[PDB]
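A.B. asks: I have a structure I would like to understand better, so I am pasting it below and will then ask my questions one at a time.
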Amino acid sequence: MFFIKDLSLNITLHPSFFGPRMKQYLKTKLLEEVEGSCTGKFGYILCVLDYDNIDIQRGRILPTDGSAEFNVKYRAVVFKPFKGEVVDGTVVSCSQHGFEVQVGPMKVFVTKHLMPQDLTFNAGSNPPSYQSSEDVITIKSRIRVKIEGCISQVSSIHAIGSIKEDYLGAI
Amino acid sequence: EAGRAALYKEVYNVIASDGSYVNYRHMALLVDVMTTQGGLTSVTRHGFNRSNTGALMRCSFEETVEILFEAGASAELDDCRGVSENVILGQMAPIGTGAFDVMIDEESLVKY
Amino acid sequence: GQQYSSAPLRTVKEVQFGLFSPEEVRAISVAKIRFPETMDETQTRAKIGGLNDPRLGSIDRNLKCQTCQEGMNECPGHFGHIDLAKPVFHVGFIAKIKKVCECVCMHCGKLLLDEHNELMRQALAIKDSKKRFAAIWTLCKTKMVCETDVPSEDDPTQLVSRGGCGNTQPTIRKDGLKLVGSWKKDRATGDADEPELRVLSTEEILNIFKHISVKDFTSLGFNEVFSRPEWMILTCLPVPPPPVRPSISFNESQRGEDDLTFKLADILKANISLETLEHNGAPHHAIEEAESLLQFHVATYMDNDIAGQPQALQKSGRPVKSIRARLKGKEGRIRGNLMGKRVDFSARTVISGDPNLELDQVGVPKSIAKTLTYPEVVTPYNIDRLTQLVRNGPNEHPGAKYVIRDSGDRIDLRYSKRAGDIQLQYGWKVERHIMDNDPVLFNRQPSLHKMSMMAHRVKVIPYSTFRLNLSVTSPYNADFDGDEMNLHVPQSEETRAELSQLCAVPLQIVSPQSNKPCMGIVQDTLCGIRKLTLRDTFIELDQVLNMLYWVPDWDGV
Amino acid sequence: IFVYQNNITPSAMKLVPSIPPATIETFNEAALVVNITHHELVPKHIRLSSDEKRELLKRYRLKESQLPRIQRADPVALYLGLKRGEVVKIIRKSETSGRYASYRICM
Amino acid sequence: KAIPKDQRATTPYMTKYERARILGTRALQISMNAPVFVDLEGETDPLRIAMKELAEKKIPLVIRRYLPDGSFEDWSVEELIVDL
Amino acid sequence: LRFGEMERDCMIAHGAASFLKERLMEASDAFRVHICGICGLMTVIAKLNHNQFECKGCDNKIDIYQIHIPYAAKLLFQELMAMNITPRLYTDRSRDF
Amino acid sequence: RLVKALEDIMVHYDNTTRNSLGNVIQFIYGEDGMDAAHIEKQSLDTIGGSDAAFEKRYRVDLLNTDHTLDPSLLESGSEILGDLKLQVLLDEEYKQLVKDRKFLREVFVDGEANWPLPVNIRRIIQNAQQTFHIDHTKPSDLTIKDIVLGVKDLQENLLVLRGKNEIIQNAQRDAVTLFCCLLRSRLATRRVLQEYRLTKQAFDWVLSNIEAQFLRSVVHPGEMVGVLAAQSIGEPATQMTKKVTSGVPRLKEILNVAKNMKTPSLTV
Amino acid sequence: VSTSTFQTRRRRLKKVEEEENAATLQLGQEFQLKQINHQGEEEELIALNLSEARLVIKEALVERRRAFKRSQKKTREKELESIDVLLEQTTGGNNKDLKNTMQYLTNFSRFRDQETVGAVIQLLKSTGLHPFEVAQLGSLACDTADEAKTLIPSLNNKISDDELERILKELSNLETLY
DNA sequence: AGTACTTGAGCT
RNA sequence: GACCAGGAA
DNA sequence: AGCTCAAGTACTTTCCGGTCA
Ligand SMILES: [Mg+2]
Ligand SMILES: [Zn+2]
Ligand SMILES: [Zn+2]
Ligand SMILES: [Zn+2]
């Protein structure tokens with residue numbers, strides 16, 4: 001998981017920036033546009049690596065307006081979860097339906113029904129919890145989940161998880 | 001080759017009979033164009049316009065719909081190297097002024 | 001303007017022509033396309049979920065599109081589809097369809113010949129797609145049987161098998177929109193002796209084309225991805241959206257639908273007759289009645305000027321306007337809408353010549369100077385001069401018409417309450433008037449020369465004629481016996497550059513047409529320059545002094 | 001190279017490509033009476049070696065598609081015994097440059 | 001895929017069209033309040049500013065010349081001769 | 001006024017490429033469409049505002065480009081599609097030469 | 001038809017002339033690489049004349065008391081007499097001009113001497129004279145080497161193609177062949193010193209101007225000669241009115257590549 | 001406009017099939033083992049176990065702040081506070097995913113110290129296991145190789161219960177403390 | 001407006 | 001707006 | 001019946017009053 005990935009990004013620049021702080025404003029606009037981005041294709045583009053060697057290349061003057069398009073070649077750390085991947089995470093929310101678990105940038109939600117049967121919902125607890133013969137699961141606790149499937153919304157991926165199978169659960 | 005020769009010769013004579021002078025290069029080009037193919041290629045609907053230039057291009061002279069119909073049925077792929085294609089597409093053509101690209105050089109932009 | 005889109009802006013690199021597989025048409029379709037009625041939710045003015053917009057494009061000009069949400073200027077069309085009750089020939093490929101049947105076995109779908117014949121394997125190797133199809137066709141048209149066993153290519157005593165099927169191949173002739181066959185037969189090995197005579201149905205030809213092998217059809221002009229032969233036959237009919245066939249709606253209580261909307265209506269109707277006719281008690285000929293009829297409309301919708309007689313005509317007599325007809329040029333989409341256009345920022349009027357203009361300028365009537373605009377960007381260089389013109393106004397001469405704010409929104413100095421207290425900001429645009437020494441394109445048609453359109457310096461002047469230097473008269477072919485001339489005005493900094501640097505009158509003087517100058521001294525000035533320079537001709541001091549001063553360069557000596 | 005008076009029967013005509021790699025050319029005697037290559041209008045054609053050709057193509061960055069073409073049956077092509085793919089270099093006099101290089105490839 | 005500068009073969013002079021596009025492009029850019037690399041010595045017309053940038057070879061642009069085959073030579077407007 | 005076929009030639013003669021485009025686009029017809037990067041047609045339902053795109057049936061919610069062509073061509077292409085011919089439009093090449 | 005048939009032809013950045021298919025039409029544009037505008041009729045002296053007076057005009061014999069440059073012509077005159085080594089130079093110089101004379105007579109069979117070439121040399125030398133107030137008396141300060149090798153050099157600077165390889169290099173030679181003839185015929189030693197009467201500095205200038213003007217005279221990659229050529233032929237076809245069919249309908253006949261022409265005719 | 005890669009794949013019309021991603025080690029196209037860097041040369045897939053990851057972002061974010069000052073001239077919970085400031089100096093703040101991440105990474109790393117990670121990296125990258133597995137093994141703490149091969153099903157026959165149980169033991173040694 | 005190609009049909 | 005018809009440098 | 005042709009077809013510029021849903 002948690003890959004480093006070679007990527008590129010076309011960026012147009014208004015002529016008014018064709019001054020010597022050019023590569024400067026470029027590398028920036030890259031980090032604006034790309035860093036913190038999340039795409040289905042590559043996942044969460046987390047941190048742009050190696051600022052000092054970003055590839056500016058030569059930029060082409062577009063022909064009707066005078067802006068110049070650069071393909072900025074770069075590389076960065078990304079995070080793209082998968083089905084069947086096992087993740088360690090922290091509980092964030094908890095409800096009569098299940099619990100959400102924070103795994104880096106993304107949340108994995110575990111259904112009431114994707115747990116063991118004995119683990120059950122305690123509405124009357126602060127903060128609201130899931131209790132077992134021997135386990136307690138609530139907002140601060142740490143969980144180990146099997147990612148059962150992922151869904152890619154706009155600037156996020158969410159995913160449904162399970163702790164029913166072996167060696168998964170509280171830790 | 002000798003065909004080309006005679007071909008020019010006769011074309012030159014049409015122009016020069018009327019008295020006018022046209023520079024060699026222009027007649028040469030036309031004449032050369034008819035010729036390079038392998039023999040005499042008519043400057044007509046079913047002559048030059050049947051070569052393997054762009055579908056869209058050829059379609060802009062004489063056989064328009066008939067051409068595009070064929071273009072689809074044989075899955076022609078238009079290069080878009082032609083003038084006319086770009087004219088149809090609203091793109092600047094590779095024509096004079098468009099025959100080449102223009103880049104900023106960040107380097108020299110900092111040197112000055 | 002037209003609105004901002006986050007989508008990446010590119011240029012077309014390749015155009016890849018192909019054929020619609022039905023599946024694709026069903027797939028792009030934002031609606032079928034079920035009812036011949038245009039709209040009128042039963043008389044109630046508003047579109048019917050059935051023809052134009054059951055999600056398609058939009059009418060109304062208020063009231064935005066119901067798929068994208070965007071309204072006329074922005075929303076292109078959106079395609080619909082009608083499911084055809086029976087397969088039908090695309091009129092354009094009846095041609096090719098026939099020739100393919102002539103090439104392949106009309107029963108099994110094997111190519112009639114292969115690498116077992118030699119001329120065949122030689123045509124097969126022809127690099128050019130189109131040419132090879134022709135080379136193949138002439139070979140295969142003769143072969144009148146799907147042969148099972150072939151003399152091998154080592155010795156013709158032991159006959160190697162190729163593909164199955166014995167079946168004789170029909171001889172095929174077109175009977176306008178119908179393809180009909182004629183099989184040799186046998187009967188005591190005679191025949192014919194009156195051969196078998198039936199008509200090839202779409203559906204069968206279709207099935208044969210389907211069975212045609214990927215490698216086989218690929219040897220014919222085709223492409224397994226972008227155009228399979230089966231797709232020369234129509235089962236799913238893409239329905240173009242209103243912007244292609246817009247209802248030109250005079251006043252309000254009167255539609256005025258487009259010719260195509262009608263032809264589709266017909267197709268729709270013709271399709272419903274056929275559909276219910278077979279789903280019901282099918283009198284098996286009244287079926288092939290409506291079959292033919294559908295095939296006809298779907299034919300004449302694409303092409304109505306067909307060789308085989310009748311011309312699908314509007315009630316009135318006026319024949320219907322086929323899509324084909326819209327395209328065949330000199331007027332007509334390709335030639336007259338694309339290779340040429342009517343254009344903005346242009347003007348024309350009577351010309352007359354001027355002995356007092358300089359060669360490369362053109363006298364522009366103040367009236368036109370005041371109409372014609374140049375989009376100038378607010379900049380520190382021009383900011384005051386620009387503000388001056390704006391305050392100056394649009395009815396005044398050297399003035400301006402519109403101010404365009406950063407927010408892409410347009411200010412009309414003709415009306416805008418703030419047309420006085422209008423305060424320019426760097427980066428806005430003032431569309432100002434055409435002013436002295438703006439480079440412009442002057443052009444006298446017909447335009448057979450480079451030199452027939454040349455860049456000139458503007459000189460705004462009175463009276464209503466374009467005035468031009470007498471010596472530039474000849475490369476335009478112009479005489480003042482009433483001939484008008486067009487003037488176009490560039491809008492970009494880039495384009496004026498192009499004009500002044502490439503096609504300015506002075507540049508065009510010596511010309512590659514004939515390696516000589518293409519304009520010179522003419523008329524009065526010529527007639528006079530002779531008289532002037534005789535030996536006889538002398539000039540007194542009084543006059544000489546004027547003649548000298550008149551030369552605008554003169555060292556004053 | 002068979003030089004025949006009147007005709008060669010289509011029977012015999014079949015035996016012509018029948019012994020590769022050897023190539024066989026038929027020429028009508030009556031044609032060969034005047035040498036067309038000596039005509040005023042008929043400039044120097046020169047057969048290029050494979051090596052020679054590869055270089056032409058390289059130095060002009062060309063696919064064979066892009067080269068001007070001589071038909072295989074072309075009178076001069078026949079004289080030189082051009083086989084398809086072979087390229088000839090044509091040297092002509094120029095009223096513009098004096099001498100001029102040109103190439104045609106065989107169809 | 002671009003030819004190395006030491007193997008360039010095109011004219012080392014600048015072509016009518018190259019120049020017209022260079023002048024036009026800069027003038028556009030100047031018009032759009034881009035940085036000017038010259039003393040506008042009372043200049044105010046983006047073309048004339050550009051004609052002046054060109055006259056002093058301080059235009060930070062590059063012509064990319066394409067060959068029929070697709071390859072190319074990049075030339076600095078610095079290094080192009082302007083006897084044009 | 002008509003910037004006709006011949007007026008075109010004359011500019012091509014001049015090699016005045018941009019001015020040609022200006023006259024053919026900004027001085028007239030010019031228009032913007034969104035196209036799919038898979039199938040090459042104007043299919044895309046650009047809800048450009050909620051910033052959503054999609055060429056359903058290509059299922060492509062992601063690979064979308066915008067282009068500036070003359071409406072007449074936009075028409076011409078719809079007209080061809082209407083007549084079962086697909087003039088697919090592509091923003092990258094493959095062939096070279 | 002003409003325009004539509006040639007529209008996509010243009011000169012590319014390698015001087016090649018191609019269409020949208022990148023097929024070669026001319027290898028060098030107009031067989032000569034020159035832009036049509038930069039060209040004027042110009043008389044190739046060398047081609048005509050009696051062999052008698054050709055010689056009188058061009059031959060220098062430093063080995064012969066009557067055919068030397070009289071020392072009035074240049075300062076070296078008195079000491080140049082009998083100089084064998086120099087004579088080898090003039091002997092190339094002359095042997096070349098003669099070569100050229102035969103060559104030109106192979107090209108222009110009729111003897112026609114005027115032909116449109118780039119760089120009007122006549123005017124250049126005129127300017128040289130009026131620019132440098134050349135004294136149609138006092139002797140030049142040129143050497144035989146100055147003149148002979150100056151021209152030999154200037155020739156190598158008339159560039160039309162550029163590549164570093166034999167095909168391209170040869171192509172360049174071809175392209176330049178005719179102009180070079182013109183050049184050598186106008187700048188032969190005797191001619192320079194006796195007729196034009198140039199001083200060293202004048203000649204130097206004349207050479208430099210020639211080179212420049214020549215360089216000016218090549219076509220600019222991008223030039224759309226397709227439409228240019230068509231238009232250049234079609235437009236004069238607009239101003240149009242043994243008896244062989246001629247004018248407009250013969251032109252029609254030709255472009256059509258008509259099988260059945262009106263006035264077929266052999267000319268034996 | 002958005003982000004592209006180096007996988008030049010030209011999907012001409014043929015939409016589908018989009019093979020599902022599982023740890024049957026069928027990750028994306030964008031993540032097969034044969035990758036290609038901007039020298040065009042084929043390079044192998046890069047995966048990080050957190051810590052290997054934490055150290056990459058930390059490092060890059062650091063040498064980024066170094067440039068932010070250059071150009072301007074003319075205990076885990078205790079690292080959390082440290083890191084939180086580094087984001088405030090190099091990160092555009094809106095990027096709350098990085099902050100969310102550096103939290104998690106800081107609190108879930110198995111190897112706090114540089115060398116220690118290199119040691120892990122050595123140990124695993126020698127099993128020839130697919131980079132994904134090699135990552136997950138550095139990321140997920142395990143004992144019974146039953147445990148291991150259950151959470152990382154993709155392993156299985158790839159390496160013996162014993163060998164993998166050896167490795168696993170070595171990992172728990174390097175398991176840096178807090 | 002005359003030539004193009006291509007269709008068509010009639011005759012031996 | 002189709003379409004038809006007539007008349008101009 | 002097929003196969004030859006002559007005789008059949010459609011197709012090859014810029015401006016500025018009527019009838020048709
Ligand atoms: Mg007139
Ligand atoms: Zn819509
Ligand atoms: Zn069969
Ligand atoms: Zn699509």
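In the structure tokens, chains take the letters A, B, ... in the order shown, each chain's residues start at 1, and ligands count up from 1 in the order shown.
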At a cut-off of 8 Å, using only C-alpha atoms (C1' of nucleotides), what residues contact residue 213 of chain G? Leave out same-chain residues fewer than 4 positions from it and give the result as a list in words.

C.D. replies: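 Contacts, with the query itself left out: residues 119, 209 and 217 of chain G.
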
A.B. asks: Quick one: residues within 12 Å of residue 54 of chain G, only C-alpha atoms (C1' of nucleotides) counted, chain neighbours fewer than 6 positions away excluded, as a PyMOL selection string?

C.D. replies: chain G and resi 45-48+60+94+97-98+101+185+188+190-191

A.B. asks: Residues as selected, N, CA and C atoms, written as a PDB file, in the first residue's frame, can you do that?

C.D. replies:
ATOM      1  N   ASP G  45      26.479  36.449 -69.729  1.00  0.00           N
ATOM      2  CA  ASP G  45      27.354  36.830 -70.833  1.00  0.00           C
ATOM      3  C   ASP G  45      27.979  35.620 -71.489  1.00  0.00           C
ATOM      4  N   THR G  46      28.797  34.900 -70.726  1.00  0.00           N
ATOM      5  CA  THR G  46      29.445  33.651 -71.141  1.00  0.00           C
ATOM      6  C   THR G  46      28.817  32.821 -72.298  1.00  0.00           C
ATOM      7  N   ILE G  47      27.491  32.691 -72.330  1.00  0.00           N
ATOM      8  CA  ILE G  47      26.843  31.796 -73.302  1.00  0.00           C
ATOM      9  C   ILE G  47      26.916  32.222 -74.776  1.00  0.00           C
ATOM     10  N   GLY G  48      26.654  33.485 -75.071  1.00  0.00           N
ATOM     11  CA  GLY G  48      26.707  33.928 -76.449  1.00  0.00           C
ATOM     12  C   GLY G  48      28.110  34.268 -76.934  1.00  0.00           C
ATOM     13  N   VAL G  60      43.258  35.846 -69.698  1.00  0.00           N
ATOM     14  CA  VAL G  60      44.426  36.564 -69.225  1.00  0.00           C
ATOM     15  C   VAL G  60      45.590  35.626 -69.406  1.00  0.00           C
ATOM     16  N   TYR G  94      40.120  30.246 -66.386  1.00  0.00           N
ATOM     17  CA  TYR G  94      39.662  30.290 -67.750  1.00  0.00           C
ATOM     18  C   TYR G  94      39.046  28.949 -68.149  1.00  0.00           C
ATOM     19  N   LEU G  97      35.604  28.887 -66.938  1.00  0.00           N
ATOM     20  CA  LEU G  97      34.642  29.722 -67.664  1.00  0.00           C
ATOM     21  C   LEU G  97      34.212  29.042 -68.967  1.00  0.00           C
ATOM     22  N   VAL G  98      35.176  28.396 -69.597  1.00  0.00           N
ATOM     23  CA  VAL G  98      34.915  27.643 -70.803  1.00  0.00           C
ATOM     24  C   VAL G  98      34.000  26.452 -70.564  1.00  0.00           C
ATOM     25  N   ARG G 101      30.704  27.767 -70.281  1.00  0.00           N
ATOM     26  CA  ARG G 101      30.143  28.107 -71.596  1.00  0.00           C
ATOM     27  C   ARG G 101      29.522  26.896 -72.286  1.00  0.00           C
ATOM     28  N   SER G 185      31.092  34.483 -64.420  1.00  0.00           N
ATOM     29  CA  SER G 185      31.189  35.188 -65.680  1.00  0.00           C
ATOM     30  C   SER G 185      31.230  36.677 -65.398  1.00  0.00           C
ATOM     31  N   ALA G 188      35.090  37.324 -63.429  1.00  0.00           N
ATOM     32  CA  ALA G 188      36.369  36.873 -63.958  1.00  0.00           C
ATOM     33  C   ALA G 188      37.390  38.002 -63.869  1.00  0.00           C
ATOM     34  N   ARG G 190      39.888  39.420 -65.625  1.00  0.00           N
ATOM     35  CA  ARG G 190      40.013  40.470 -66.636  1.00  0.00           C
ATOM     36  C   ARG G 190      38.842  41.442 -66.561  1.00  0.00           C
ATOM     37  N   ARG G 191      37.646  40.873 -66.550  1.00  0.00           N
ATOM     38  CA  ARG G 191      36.413  41.628 -66.429  1.00  0.00           C
ATOM     39  C   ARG G 191      36.429  42.596 -65.231  1.00  0.00           C
TER      40      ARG G 191
END

A.B. asks: Per residue of chain B within 10 Å of chain K, record the nearest atom pair and its distance in Å to one decimal, counting only C-alpha atoms (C1' of nucleotides), with rows in chain order and ascending residue number, as a tab-separated table.

C.D. replies:
residue	atom	partner	partner_atom	distance
B:44	CA	K:12	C1'	9.4
B:45	CA	K:12	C1'	8.6
B:62	CA	K:12	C1'	7.7
B:63	CA	K:11	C1'	9.7

A.B. asks: Please find the residues of chain C near chain G - the criterion being any atom within 6 Å, counting only C-alpha atoms - and write them as a PyMOL selection string.

C.D. replies: chain C and resi 448-449+511-513+515

A.B. asks: Should the cut-off be 10 Å, what would the residue list for chain G against chain E look like, counting only C-alpha atoms, as a ChimeraX atom specification?

C.D. replies: /G:11-24,159-164,212-213,215-216,218-223

A.B. asks: Run DSSP on the backbone and grab whatever in chain A lands in helix (DSSP H, G or I); send it over as a PyMOL selection string.

C.D. replies: chain A and resi 15-17+22-34+51-53+112-114

A.B. asks: Using the selection just defined, write its residues with N, CA, C and O atoms as a compact mmCIF listing (two decimals), in the first residue's frame.

C.D. replies:
# COMPACT_ATOMS: atom_id res chain seq x y z
N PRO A 15 0.32 35.30 -19.15
CA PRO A 15 1.50 36.06 -19.57
C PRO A 15 2.03 36.95 -18.48
O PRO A 15 3.24 37.07 -18.33
N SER A 16 1.12 37.54 -17.72
CA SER A 16 1.51 38.45 -16.65
C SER A 16 2.46 37.81 -15.64
O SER A 16 2.95 38.47 -14.76
N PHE A 17 2.72 36.53 -15.78
CA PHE A 17 3.65 35.87 -14.88
C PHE A 17 4.96 35.53 -15.59
O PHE A 17 5.83 34.89 -15.01
N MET A 22 9.06 32.61 -12.21
CA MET A 22 8.12 31.89 -13.05
C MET A 22 8.07 30.46 -12.59
O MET A 22 7.00 29.96 -12.23
N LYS A 23 9.23 29.81 -12.59
CA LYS A 23 9.33 28.42 -12.17
C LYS A 23 8.81 28.35 -10.74
O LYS A 23 8.18 27.37 -10.33
N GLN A 24 9.06 29.43 -9.99
CA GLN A 24 8.58 29.57 -8.63
C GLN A 24 7.07 29.44 -8.57
O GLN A 24 6.56 28.51 -7.95
N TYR A 25 6.36 30.36 -9.22
CA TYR A 25 4.90 30.33 -9.19
C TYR A 25 4.37 29.03 -9.79
O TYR A 25 3.31 28.55 -9.40
N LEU A 26 5.10 28.46 -10.74
CA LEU A 26 4.69 27.18 -11.31
C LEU A 26 4.67 26.05 -10.29
O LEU A 26 3.61 25.47 -10.03
N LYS A 27 5.83 25.77 -9.70
CA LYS A 27 5.97 24.71 -8.71
C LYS A 27 4.90 24.85 -7.62
O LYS A 27 4.31 23.86 -7.17
N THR A 28 4.65 26.08 -7.21
CA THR A 28 3.58 26.38 -6.27
C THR A 28 2.25 25.92 -6.80
O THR A 28 1.61 25.08 -6.19
N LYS A 29 1.84 26.48 -7.94
CA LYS A 29 0.53 26.18 -8.51
C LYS A 29 0.35 24.67 -8.66
O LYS A 29 -0.77 24.15 -8.54
N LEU A 30 1.46 23.97 -8.87
CA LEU A 30 1.41 22.52 -8.87
C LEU A 30 0.93 22.03 -7.51
O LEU A 30 -0.07 21.31 -7.42
N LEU A 31 1.60 22.44 -6.46
CA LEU A 31 1.24 22.02 -5.11
C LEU A 31 -0.16 22.46 -4.72
O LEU A 31 -0.82 21.78 -3.93
N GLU A 32 -0.60 23.60 -5.24
CA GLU A 32 -1.95 24.06 -4.98
C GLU A 32 -2.83 23.00 -5.60
O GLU A 32 -3.52 22.27 -4.89
N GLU A 33 -2.74 22.89 -6.92
CA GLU A 33 -3.66 22.05 -7.67
C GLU A 33 -3.60 20.56 -7.30
O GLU A 33 -4.62 19.93 -7.09
N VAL A 34 -2.40 20.02 -7.16
CA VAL A 34 -2.25 18.58 -7.01
C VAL A 34 -2.23 18.02 -5.56
O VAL A 34 -2.83 16.97 -5.28
N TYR A 51 10.94 18.78 -4.02
CA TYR A 51 10.54 20.06 -4.60
C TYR A 51 11.61 20.64 -5.53
O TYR A 51 11.29 21.26 -6.54
N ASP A 52 12.87 20.43 -5.19
CA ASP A 52 13.97 21.10 -5.86
C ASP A 52 14.19 20.65 -7.31
O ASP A 52 14.75 21.39 -8.10
N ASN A 53 13.75 19.44 -7.65
CA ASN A 53 13.98 18.91 -8.99
C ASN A 53 12.71 18.76 -9.82
O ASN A 53 12.63 17.86 -10.66
N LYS A 112 -22.55 -2.86 11.65
CA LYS A 112 -23.02 -3.67 12.78
C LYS A 112 -22.97 -5.16 12.43
O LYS A 112 -22.69 -6.01 13.28
N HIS A 113 -23.20 -5.43 11.15
CA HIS A 113 -23.32 -6.77 10.61
C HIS A 113 -22.02 -7.29 10.03
O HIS A 113 -21.91 -8.46 9.70
N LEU A 114 -21.03 -6.42 9.91
CA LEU A 114 -19.71 -6.88 9.54
C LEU A 114 -18.82 -7.12 10.77
O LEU A 114 -17.59 -7.18 10.65

A.B. asks: Residue 133 of chain A: which residues within 10 Å, counting only C-alpha atoms (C1' of nucleotides), same-chain residues fewer than 3 positions away excluded, as a VMD selection string?

C.D. replies: chain A and resid 118 to 120 136

A.B. asks: Can those selected residues be exported to a file as a CSV table (one decimal), in the first residue's frame so that it contains N, CA and C atoms?

C.D. replies:
chain,number,residue,atom,x,y,z
A,118,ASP,N,-21.6,-11.2,19.0
A,118,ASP,CA,-21.5,-10.9,20.4
A,118,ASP,C,-21.3,-9.4,20.7
A,119,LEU,N,-20.5,-8.8,19.8
A,119,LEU,CA,-20.2,-7.4,19.9
A,119,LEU,C,-21.5,-6.6,19.6
A,120,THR,N,-22.0,-5.9,20.6
A,120,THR,CA,-23.3,-5.2,20.3
A,120,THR,C,-23.4,-3.7,20.7
A,136,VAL,N,-14.0,-3.7,24.3
A,136,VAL,CA,-14.8,-2.5,24.1
A,136,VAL,C,-14.3,-1.6,23.0

A.B. asks: Hey, what's within 8 Å of residue 32 of chain F if we count only C-alpha atoms (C1' of nucleotides) and toss same-chain stuff fewer than 2 positions away? As a PDB file with C-alpha atoms, in the first residue's frame, please?

C.D. replies:
ATOM      1  CA  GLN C   2     -19.899  31.093 -23.101  1.00  0.00           C
ATOM      2  CA  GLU C  74     -24.137  26.154 -24.500  1.00  0.00           C
TER       3      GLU C  74
ATOM      4  CA  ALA F  30     -16.721  29.786 -32.958  1.00  0.00           C
ATOM      5  CA  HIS F  34     -17.095  18.766 -24.554  1.00  0.00           C
ATOM      6  CA  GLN F  66     -13.241  20.592 -24.139  1.00  0.00           C
ATOM      7  CA  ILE F  67     -12.512  22.052 -27.615  1.00  0.00           C
ATOM      8  CA  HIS F  68     -13.180  25.160 -29.712  1.00  0.00           C
ATOM      9  CA  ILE F  69     -14.529  24.340 -33.169  1.00  0.00           C
ATOM     10  CA  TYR F  71     -20.546  25.525 -34.571  1.00  0.00           C
TER      11      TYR F  71
END

A.B. asks: Using only C-alpha atoms (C1' of nucleotides) and all ligand atoms, which protein or nucleic acid residues are at most 7 Å from ligand 2, as a ChimeraX atom specification?

C.D. replies: /C:56-57,65-70,75-78 /F:45

A.B. asks: List the spatial neighbours of residue 423 of chain C as a ChimeraX atom specification - criterion: any atom at most 10 Å away, only C-alpha atoms (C1' of nucleotides), same-chain residues fewer than 3 positions off excluded.

C.D. replies: /C:387,390-391,403,418-420

A.B. asks: Any chance you could export the current selection's C-alpha atoms as a compact mmCIF listing (two decimals), in the first residue's frame?

C.D. replies:
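Written file, again_9.txt:
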# COMPACT_ATOMS: atom_id res chain seq x y z
CA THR C 387 -10.49 56.20 -20.43
CA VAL C 390 -14.79 55.72 -23.14
CA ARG C 391 -15.86 58.97 -21.56
CA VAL C 403 -16.16 48.09 -21.90
CA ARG C 418 -22.65 54.43 -15.40
CA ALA C 419 -21.34 55.34 -18.83
CA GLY C 420 -19.83 58.52 -17.47

A.B. asks: Nearest to chain D: which of E:22, E:70, E:48, E:77 is it, counting only C-alpha atoms?

C.D. replies: E:70

A.B. asks: Write out as a list in words each polymer residue (protein, DNA or RNA) that has an atom no more than 7 Å from ligand 1, with only C-alpha atoms (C1' of nucleotides) and all ligand atoms counted.

C.D. replies: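 If we count only C-alpha atoms (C1' of nucleotides) and all ligand atoms, the neighbours of ligand 1 turn out to be residues 478, 479, 480, 481, 482 and 483 of chain C; 9 of chain J.
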
A.B. asks: Using only C-alpha atoms, I'd like every residue of chain A that has an atom within 8 Å of chain H; please write them out as a ChimeraX atom specification.

C.D. replies: /A:1-11,32,34-36,41-42,46-52,73,77,82-89,103-105,146,166-167

A.B. asks: Would you return as an NGL selection string the members of chain E that DSSP assigns to strand (DSSP E or B) on this structure's backbone?

C.D. replies: :E and (13 or 61-66 or 72-76 or 81)

A.B. asks: Residues of chain I were defined as contacting chain B if any atom lay at most 12 Å from it, counting only C-alpha atoms (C1' of nucleotides); please report them as a ChimeraX atom specification.

C.D. replies: /I:3-5
